[PDB]
Amino acid sequence: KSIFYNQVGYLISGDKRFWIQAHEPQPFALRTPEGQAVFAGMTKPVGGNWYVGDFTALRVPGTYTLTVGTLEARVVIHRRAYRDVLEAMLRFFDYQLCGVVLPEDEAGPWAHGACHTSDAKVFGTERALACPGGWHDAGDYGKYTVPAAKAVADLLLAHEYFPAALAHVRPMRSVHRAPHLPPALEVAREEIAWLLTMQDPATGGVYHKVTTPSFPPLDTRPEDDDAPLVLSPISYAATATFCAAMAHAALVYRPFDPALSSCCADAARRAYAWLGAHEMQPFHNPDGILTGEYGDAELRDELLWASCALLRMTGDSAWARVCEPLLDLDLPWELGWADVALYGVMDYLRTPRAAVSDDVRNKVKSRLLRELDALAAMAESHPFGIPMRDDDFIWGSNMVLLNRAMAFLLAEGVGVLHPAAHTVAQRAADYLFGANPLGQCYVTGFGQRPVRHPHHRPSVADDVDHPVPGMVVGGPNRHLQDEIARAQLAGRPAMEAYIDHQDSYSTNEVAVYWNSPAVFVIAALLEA
Ligand SMILES: OC[C@H]1CNC[C@@H](O)[C@@H]1O[C@@H]1O[C@H](CO)[C@@H](O)[C@H](O)[C@H]1O
Ligand SMILES: OC[C@H]1CNC[C@@H](O)[C@@H]1O[C@@H]1O[C@H](CO)[C@@H](O)[C@H](O)[C@H]1O
Ligand SMILES: [Ca+2]
Ligand SMILES: [Zn+2]
């Protein structure tokens, strides 16, 4: 029996809330560290056992003691409460670096030598290839094209939308090339550079992944993983998500790295030439390969994103001939990793009005507004005010929640101003930081109940005790898709289907595409 609140803190000019399981409204106070009362209010019902306490009006920064009943919590008010967590969430990408020496001056206890240096065999051939750099996908050391495209798309979007907030954070600056680009672009260049090695120079097709034939033991240090590396076959999705992320990078890097920008635009075109010459065939793990499949039977949403990305890159009206029919389909307007349509929607809507049908544009703008209203309706009925239903608590539910928060924020930039946008973003950060039924801070190294045992090979393998900070875990998953979850979590409601245990990969794994929308959301809150 306790207080559920944002364990990282609150913004001076932002919404401040706490939750408790109660039966009636209770008086509550916020005190200074000495004990003097500064704010007083009454709790109020929100659904079931849930009562809220809103202390938004308390604008004087500081470390306050919140008291309700006999319970006590330590809360923090600061003009930049989330800067530290944002910096850590952005440094996670530098911790995930493959084939790069991470020095102790930058990485501290989690420093290591260059891992996965050896070349990879192209599956079913004797041909080898060097595909170095990039990020280890998650808790495993695999490098997967499809989810990598989402991680890049998100960081580029965060820099485009919130560069002022991102300017206050510092990545592992000493491992990147000089002159130093803005923080998010410096971190994302590494993954973009790697992604280019994945494209077949012969055809323009992109390899789905570069992984060892199977998952090594959970206790493997990055440099001790020495099984042969295999390039899984070229896939439609890998190629289409690559084209999309590459054209986006071409626009963003134009004033910062013109050579990379040019290199990315040509790589996107060749990848689009591959799409029109090939069939929409889903990927399936070939015999022997037992690593993450990242499969998807629906590939029109990837074509939509790759077309719209090139439409925004070129600014050519000719591309709308291909976008506009795809924009008419009943595809889920989502932010990945498998349903990517919203990225295409965004790219289309952020293209000059002259190159698009003003009527298709309005229909697209209207669908998005209805989509936001549906997310807003869910948040209005959820006691934590998050656009979530019990059935949305799936594998990587924190990404579902963050992508939804991110959907509201992206829309603010294409004239779709929902009155719920900022509340939803605040509630999503509160949830992530401990305002959930488990009182769990879903980020490592932060809050009073941080994640101590994630499914992360460098954090399990090392003898440090504390895991790498700034890692966002998948979160509660009702399907119980691992032995530890099947064992400990049967019968538990959707939001409580989480376990802080290293073997629970379905609720406790970390990932590059789970940290990326967190970076967007946190930067949005700081900026506004
Ligand atoms: O479900 C597949 C994996 C999700 N990403 C990283 C992997 O570590 C997860 O996989 C499995 O790793 C296990 C945990 O040690 C090992 O037990 C298994 O034999 C793999 O399925
Ligand atoms: O758990 C994060 C990923 C670690 N590397 C291997 C991938 O299989 C893991 O991914 C997720 O895989 C799941 C199994 O197909 C899919 O259910 C999830 O939506 C992915 O996050
Ligand atoms: Ca898809
Ligand atoms: Zn590596």
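The analysis underlying the following values was restricted to heavy atoms, covering all of them including side chains, and did not include hydrogens, waters or symmetry mates. Positions are given from 1, in the same order as the sequence printed here.
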Table please: side-chain donor-acceptor pairs of residues 400-418 below 3.5 Å, with sequence neighbours left out.
unit_1 : atom_1 : unit_2 : atom_2 : d
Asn403 : OD1    : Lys150 : NZ     : 2.9
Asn403 : ND2    : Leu335 : O      : 3.2
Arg404 : NH1    : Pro387 : O      : 2.9
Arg404 : NH1    : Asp392 : OD2    : 2.7
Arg404 : NH2    : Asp392 : OD1    : 3.2
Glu412 : OE1    : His422 : NE2    : 2.7
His418 : ND1    : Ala420 : N      : 3.1
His418 : NE2    : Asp373 : OD1    : 2.8

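No donor-acceptor pair closer than 3.5 Å links the side chain of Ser214 to the backbone N or O of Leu290. Panel note: side chain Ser261, backbone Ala250; a donor-acceptor pair is recorded below 3.5 Å. Looking only at distances, a side-chain donor or acceptor of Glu324 sits under 3.5 Å from a matching main-chain atom of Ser357. When atom types are taken as modelled, the side chain of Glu293 and the backbone of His284 share no donor-acceptor pair closer than 3.5 angstrom. No donor-acceptor distance shorter than 3.5 angstrom exists from the side chain of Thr239 to the backbone of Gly205, with no hydrogens or angles considered. Between the side chain of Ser232 and the main chain of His208, no donor-acceptor pair closer than 3.5 Å is present. Of the possible donor and acceptor atoms, none in the side chain of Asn477 sits under 3.5 Å from a partner among the backbone N and O of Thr507. Remark: the backbone N or O of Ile394 is not paired with any side-chain donor or acceptor of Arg478 at under 3.5 angstrom. Put simply, the side chain of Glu509 gets close to the backbone of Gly139: a donor and an acceptor are under 3.5 Å apart. Looking at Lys143, its side chain does come within 3.5 Å of a backbone N or O of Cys131 through a donor-acceptor pair.
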Kindly determine whether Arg427 and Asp15 satisfy side-chain contact (heavy atoms from CB on, under 4.5 Å), including the steps that lead there.
CA-CA 9 Å; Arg427 301 290 96 90; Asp15 275 45; 3.4 Å; yes
For side-chain hydrogen bond (donor to acceptor under 3.5 Å, both in side chains), just list the numbers for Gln426 and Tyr10, CA-CA rounded to whole Å, side-chain angles, deciding distance to a tenth of an Å, and then say yes or no.
CA-CA 9 Å; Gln426 183 59 66; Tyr10 305 88; over 6 Å; no
One pair to check against side-chain contact (heavy atoms from CB on, under 4.5 Å): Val468 and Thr444. What are the steps and the verdict?
CA-CA 7 Å; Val468 171; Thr444 61; 5.5 Å; no
Just do the side-chain contact (heavy atoms from CB on, under 4.5 Å) check on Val206 and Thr241 with the steps written out, would you?
CA-CA 9 Å; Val206 186; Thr241 54; over 6 Å; no
Working for side-chain contact (heavy atoms from CB on, under 4.5 Å), residues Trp135 and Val187
CA-CA 10 Å; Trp135 305 316; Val187 148; 4.1 Å; yes
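The environment of CD in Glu380 is sparse: at most 12 heavy-atom neighbours from other residues, nucleotides or ligands sit within 6.0 Å. Surrounding CZ of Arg321 are at most 12 heavy atoms belonging to other residues, nucleotides or ligands under 6.0 Å away.
Taking CZ from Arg457 and CG from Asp140, the interatomic distance works out to 6.0 Å, rounded to the nearest 0.5 Å. We find the CD1-CE distance between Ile234 and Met198 to be 10.0 Å, quoted to the nearest 0.5 Å. Between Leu525 atom CG and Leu86 atom CG the span is 10.0 Å, to the nearest 0.5 Å. Taking CG of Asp154 as the start and CG of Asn515 as the end, the distance is 11.0 Å to the nearest 0.5 Å. We find the CD-SG distance between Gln199 and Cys243 to be 9.0 Å, quoted to the nearest 0.5 Å. Rounding to the nearest 0.5 Å places NE2 of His116 at 6.5 Å from OG1 of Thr212.
Using cut-offs of 30° and 60° for the angle between ring planes, the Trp274 and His278 rings count as parallel. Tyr505 and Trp395 have tilted rings, their planes meeting at an angle from 30° to 60° on a 0 to 90° scale.
Residues meeting the salt bridge (charged side-chain N to carboxylate O under 4.0 Å, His left out) test with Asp287, sequence neighbours left out: none. Residues satisfying the salt bridge (charged side-chain N to carboxylate O under 4.0 Å, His left out) criterion with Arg177, sequence neighbours excluded, are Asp257.
For the pair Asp266 and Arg269, the salt-bridge criterion is met [side-chain N within less than 4.0 Å of a carboxylate O]. Using a 4.0 Å cut-off between a side-chain N of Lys or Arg and a carboxylate O of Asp or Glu, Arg83 and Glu87 qualify as a salt bridge. Looking at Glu106 and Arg170, a side-chain N of the basic residue comes within less than 4.0 Å of a carboxylate O on the acidic one, giving a salt bridge.
A heavy-atom distance below 4.5 Å is found between the side chains of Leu157 and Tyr343. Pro458 places none of its side-chain heavy atoms less than 4.5 Å from the side chain of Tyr95. Between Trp333 and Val364, some side-chain heavy-atom pair lies under the 4.5 Å cut-off. At least one side-chain heavy atom of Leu181 sits under 4.5 Å from a side-chain heavy atom of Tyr253. Contact annotation: the side chain of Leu129 never approaches that of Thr197 to less than 4.5 Å [non-hydrogen atoms, C-beta and beyond]. Here the side chains of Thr291 and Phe215 are in contact, with some heavy-atom distance below 4.5 Å. A 4.5 Å side-chain heavy-atom check between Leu185 and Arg189 finds every atom pair outside the cut-off. Between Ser516 and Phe92 there is no side-chain heavy-atom pair separated by less than 4.5 Å.
Evaluated for a ring pair (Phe, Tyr, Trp, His ring centres under 6.0 Å) with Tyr272, the options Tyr236, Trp305, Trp319 yield exactly one hit, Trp319.
Of all non-hydrogen atoms in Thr351 and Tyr348, the two that sit nearest each other are CB-O, 3.2 Å. When all heavy atoms of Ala165 and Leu526 are compared, the closest pair comes out as CB-CB, 4.0 Å. The minimum heavy-atom distance between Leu195 and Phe242, with the atom names listed, is O-CE1, 3.0 Å. The minimum heavy-atom distance linking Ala158 with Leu166 is given by the pair O-CD1, 3.4 Å. Smallest separation of non-hydrogen atoms from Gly295 and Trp337: O-CH2, 3.2 Å. The shortest non-hydrogen separation linking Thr211 to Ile289 is OG1-CG2, 4.1 Å.
Note: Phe520 and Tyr161 meet the aromatic proximity criterion, with ring centroids under 6.0 Å apart. Aromatic ring centres of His159 and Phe256 lie closer together than 6.0 Å.
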